[PDB]
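Okay, here we've got a single chain as structure tokens, the form solved without this ligand, with questions on binding and movement later.
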């Protein structure tokens, strides 16, 4: 028994993703090597669709599904990242537990470079020290939904970030 309040409106997200877009563009425009943005599903699908449209560099788009448990590849990438600039695209960084492991896994395949871009970082919640090179918003430890993030399989389609209120 809850309500959703707006936490970050749709206009702010868009403004912020244009700025991330310019930045990812300046970091990578002079590489000349193949680039791929790598979404973590299901949560990253919306951020990736918006971010990849703001990245003014030829790139592949690929996806990955990762799980007191091991991080397991439930769906690996469709393409090779060896010798490629790879940017991992994630809805939210929290503990850092999963993203740190996903980072290690892709690192074995020897990309030219490897980096993370997350829309939301909850740095009060961090349990592991994970290098994150691009952040949308550092946020308080709120119960967030919308923009791909769910509450018991709800609100992934909301075009703003909401916080859930019990």
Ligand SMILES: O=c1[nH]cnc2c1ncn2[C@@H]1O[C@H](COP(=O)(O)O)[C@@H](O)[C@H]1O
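Positions refer to the first chain, counted from 1.
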Problem - Count class of deposited residues lacking coordinates, residue 67 to residue 68 - result: 4 to 9
Handout entry: Stretch with the higher entry mean CA B-factor, where the candidates are 52-60 and 27-35
Key = 27-35
Completion exercise
Higher avg CA temperature factor (151-159 vs 16-24, as deposited) belongs to 151-159
Practice task
For the C-alpha B-factor as written in the entry, point me to the maximum among 94, 76, 90, 85.
Solution key: 94
Exercise for the section: Taking the values exactly as deposited, rank residue 98 by C-alpha B-factor within its chain and report the matching third: lowest, middle or highest. Expected result: middle
Problem - Relative C-alpha B-factor of residue 105, binned into the chain's lowest, middle or highest third - result: lowest
Practice task
Could you tell me which third, lowest, middle or highest, the C-alpha B-factor of residue 118 occupies within its chain?
Solution key: lowest
Completion exercise
By the entry's values, the third containing the CA B factor of residue 124 is the middle
Practice task
Please place residue 139 in the lowest, middle or highest third of its chain by C-alpha B factor as given in the entry.
Solution key: middle
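We do not show the form solved in complex with this ligand, though everything after this point is about it.
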Exercise for the section: Look at the stretches 135-143, 30-38, 57-65, 106-114 and give the one with heavy atoms within 4.5 Å of this ligand in the deposited complex. Expected result: 135-143
Practice task
Report whether the minimum heavy atom distance between residue 99 and this ligand in the deposited complex is within 4.5 Å.
Solution key: yes
Exercise for the section: With heavy atoms only and a cut-off of 4.5 Å, decide whether residue 12 touches this ligand in the deposited complex. Expected result: no
Handout entry: Exercise: residue 85 in contact with this ligand in the deposited complex, heavy atom 4.5 Å
Key = no
Exercise for the section: Find out whether any non-hydrogen atom of residue 92 is located within 4.5 angstroms of this ligand in the deposited complex, and reply yes or no. Expected result: yes
